[PDB]
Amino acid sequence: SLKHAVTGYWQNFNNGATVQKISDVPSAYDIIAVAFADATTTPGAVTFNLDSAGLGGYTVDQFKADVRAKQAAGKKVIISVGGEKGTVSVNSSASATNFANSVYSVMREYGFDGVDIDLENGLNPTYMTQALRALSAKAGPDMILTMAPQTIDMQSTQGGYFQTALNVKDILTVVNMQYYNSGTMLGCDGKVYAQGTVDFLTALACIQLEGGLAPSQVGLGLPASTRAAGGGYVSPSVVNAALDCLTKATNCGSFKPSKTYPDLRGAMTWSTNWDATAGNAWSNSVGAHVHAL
């Protein structure tokens, strides 16, 4: 459901994972984030170009139809900006306006429900907050807005992503942090935790849950398989344990949150394509668990 949700990234490119049409994405995914919009020569602006050639000749018309069909089935499909190789910058009023204008143009052209912020080359809260309010003014209160910070971006309420998320809390759907490709990090208790453990999930999610985000605004993002990231993969049972620990105080590791957060949004994975390469094991197990919360 949207209320307890699984977000999955669908690749607009071929990286060796299983190539998929939008219509191939498993039913477990409630929010599908299309990865990614491209930067342009205009500061802050993006565009989307379906990789028809790299995706076995998948046409714009079929992509649009597949998006509409997902929406008829109650799913949301959003455009993700950034990615590891992204070069989008939103660091001025002009680039904030160009971002809002271009993202809304892409949304209207393809029928997307909203946007995922996945800039990995910097996040300026002064200008991204302005950009997101401009975009929200165009798209209205039903717009889906997600963010996929790296762990370094949510270590305190002072992180650029964290400050932005708080500034736009009333229009924010969920922060699906990437609990992977990460060095060691502090948890909300001030102790050092390592990726690939239940405690990294719960102790770092705690910083968000205690730092002004609603439980419905916090999602656990993981790699779908060991092929999907350089580090931080965990078995689905580990993701489900972390979800249990945060929502109902069961299956915790050494780290015990002070509270329970039953409205925790759910989970996220990079990517639906790597999930498919791995037999949909991750979405089968995590999806069933999230949709049973």
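The first residue of the sequence shown is number 1, and the count goes up from there.
Looking at mean Cα B-factors across 272-280 and 14-22, the upper value is held by 14-22. Of the two segments, 92-100 and 178-186, the one listed with the higher mean B-factor is 92-100 (C-alpha atoms only). Across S258, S225, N251, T42, the greatest Cα temperature factor reported in the deposited entry is at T42.
Taking only the listed residues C245, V234, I32, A37, the entry reports the highest CA temperature factor at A37. In this PDB entry, the Cα temperature factor of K191 sits in the bottom third of its chain's modelled residues, the lowest group. In the deposited entry, the Cα temperature factor of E120 sits in the top third of values across the chain's modelled residues.
Annotation for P149: C-alpha temperature factor in the lowest third relative to the rest of the modelled chain, per the entry. In this PDB entry, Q155 carries a Cα temperature factor that places it within the middle third of its chain's modelled residues. The PDB entry assigns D142 a C-alpha temperature factor belonging to the highest third of its chain's modelled residues.
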